[PDB]
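Peer 1: Sharing a structure, written as C-alpha cells. Questions coming.
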Amino acid sequence: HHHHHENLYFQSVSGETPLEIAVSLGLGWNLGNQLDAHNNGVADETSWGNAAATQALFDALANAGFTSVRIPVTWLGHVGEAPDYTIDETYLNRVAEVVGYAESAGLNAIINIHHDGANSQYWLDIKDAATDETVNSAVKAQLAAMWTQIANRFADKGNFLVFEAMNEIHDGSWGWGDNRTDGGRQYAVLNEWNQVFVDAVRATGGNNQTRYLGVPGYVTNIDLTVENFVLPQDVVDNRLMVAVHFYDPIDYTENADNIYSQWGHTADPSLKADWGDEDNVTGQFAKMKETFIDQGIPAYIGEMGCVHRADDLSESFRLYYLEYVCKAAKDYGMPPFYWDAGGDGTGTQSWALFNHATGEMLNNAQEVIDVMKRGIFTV
Ligand SMILES: [Cl-]
Ligand SMILES: [Cl-]
Ligand SMILES: [Mg+2]
Ligand SMILES: [Mg+2]
Ligand SMILES: [Mg+2]
Ligand SMILES: [Mg+2]
C-alpha cells in the first residue's frame, strides 16, 4: 500500500508506482497524420488527409471518455542550423495551440519528436551515429538544443503535459538490421540519446524538473526494449516511463494485403494471420510487466489499434481485438494510446474514429470507443 491522496486540482499525470501512473493516463488517443505529417521536406499538418486540428476535436475526445492524447510532432523543415538548431517560432506556437486544446479539454498530453527519426533517413540518424562519433555528437547536440527550446516553451505547464524523447528509432531495417549484429552499439547509442533528452529537459528547471517523460526502446519493439533498454539516470524518482508500440499482428491490424479479416481463437484459419493471437498479447505484455512494471518502472503503449472493416462479421473481430488488447494493457500495467490517422474514414485501411477538425465521430466509432473504455475503466 504505497498509494497516496491526490491533493491537487487540475488534470495531471500523477503517481509514484506504475499502476497509479497508468490510472492517471487512462485511455489514450493519437492525433495521427497531423503534426507528424510532412511533405517536400517540411512538416505540413494538412498534407496527409486531415484538416487542421481544433479545440472542437479535443472537446469531443474528452466527451467520448478519453483521458490522454499523444500529439506526434515532426519538426523537419522547421529547425535551423548548428549550433543553435533554432525552432521556427510559429511552428512551436502551433504545437502550443494543440497542447492548449488538450489542456482546455481536461486531457493529459504527450508531445514528441516524430518523423525526424523516420528510418534513420534524416538528422536523427542512429545508423551513422553508431559508427561515427562526429555524427553521434551532432545528433545529441540537436536533440539537446531542440528539447531545451521545447521544454522552455512549456515551462509553465503542469504535469498534464508529458515529453516523449523520440518515436521509432531504427537503422532502416526496422529491427532486423545491424542492431542485431553490431555487438550492441546501436542499442547503446539510443540509450545515450534518451539520457541526453532527460538531462536537457531537467536542466531547464522549474516544472520541467518533475515532469513525467517518455523514453523508447529500439523501434518501440517490446522484445528489443526489454532486452536492451536502460533506464536513464534522473534527478527525481519515478518520472521516466518506457514507451513501446504494439500492433501485433500488423498484417491483421493494418490490413495491408486485404486478406486477414479475422483474429483470435474463433477466427477461420483461412482468414487470419498465422501468428499474433491472444497468447501473443498476454505473452508480450507479460514481458513488459516482468521487466518494468513489477520493478517499479512505469511503461505505456504509445501506439496500438486496428483498422475498420465495413463487413459486419469482420468488424466484430476488430472490436474483439481492441477490447482484448485494452483489457490486457490494463491488466499488465500500461495505458494504451489508439492510433488515429484520421482521413475520410473510407477504404480498407482506415484508423479514423473522429474527423480531426470537426470532432465528429465517424462510422461506428462509438462502439469501438465503448469497447476500449470497458477494458480500461471496467473491472
Ligand atoms: Cl489504497
Ligand atoms: Cl504468436
Ligand atoms: Mg512532391
Ligand atoms: Mg524561440
Ligand atoms: Mg543520412
Ligand atoms: Mg572529431
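Peer 1: Within the range 340-362, restricting attention to residues that are surrounded by fewer than 19 Cβ atoms within 10 Å (Cβ to Cβ) and of a type in the set (S, T, N, Q), which residue is nearest to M372 (Cα to Cα)?
Peer 2: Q349
Peer 1: If you don't mind, there's one more thing I want to ask. With the requirement that a residue be surrounded by 19 or more Cβ atoms within 10 Å (Cβ to Cβ) and either of a type in the set (F, W, Y) or in contact (Cβ under 8 Å) with a residue 60 or more places away in the chain (or both), what does the range 74-86 give you?
Peer 2: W75, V79, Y85
Peer 1: I'd like to verify a number: residues in the range 74-99 that are away from ligand 4 (no atom under 15 Å from the Cβ), under 20 Å from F154 (Cβ atoms) and touching a helix residue (DSSP H, G or I) at 6+ places or on another chain (Cβ under 7 Å), how many?
Peer 2: Total satisfying the criteria: 1.
Peer 1: Take the conditions touching a helix residue (DSSP H, G or I) at 6+ places or on another chain (Cβ under 9 Å) and over 17 Å from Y218 (Cα atoms) and apply them to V162. Does it pass?
Peer 2: Yes: the conditions hold for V162.
Peer 1: If I ask for residues that are part of a loop (DSSP other than H, G, I, E, B), within 22 Å of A203 (Cβ to Cβ) and away from ligand 5 (no atom under 11 Å from the Cβ), which ones from the range 119-155 would you list?
Peer 2: Result: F154, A155.
Residues are listed down the side, and each one gets a yes or a no for (1) surrounded by fewer than 18 Cβ atoms within 10 Å (Cβ to Cβ); (2) assigned to a helix (DSSP H, G or I); (3) without any contact (Cβ under 8 Å) to a residue 12 or more places away in the chain:
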position	(1), (2), (3)
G183	yes, no, yes
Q186	no, yes, no
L190	no, yes, no
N194	no, yes, no
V198	no, yes, no
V215	no, no, no
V219	no, yes, no
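Peer 1: Scanning the range 229-288 for residues that are part of a helix (DSSP H, G or I) and small (G, A, S), which turns out surrounded by the most Cβ atoms within 10 Å (Cβ to Cβ)?
Peer 2: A286
Peer 1: Right, here's the next one. Which residues, taken from the range 136-174, are touching a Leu at 6+ places or on another chain (Cβ under 8 Å) and basic (K, R)?
Peer 2: Listed by number, the list holds a single entry, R153.
Cβ coordinates were reconstructed from backbone atoms using ideal geometry, including for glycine residues, and neighbour counts include every protein chain displayed. Each reported figure results from applying straightforward, stated rules to the coordinates on display, with no laboratory input.
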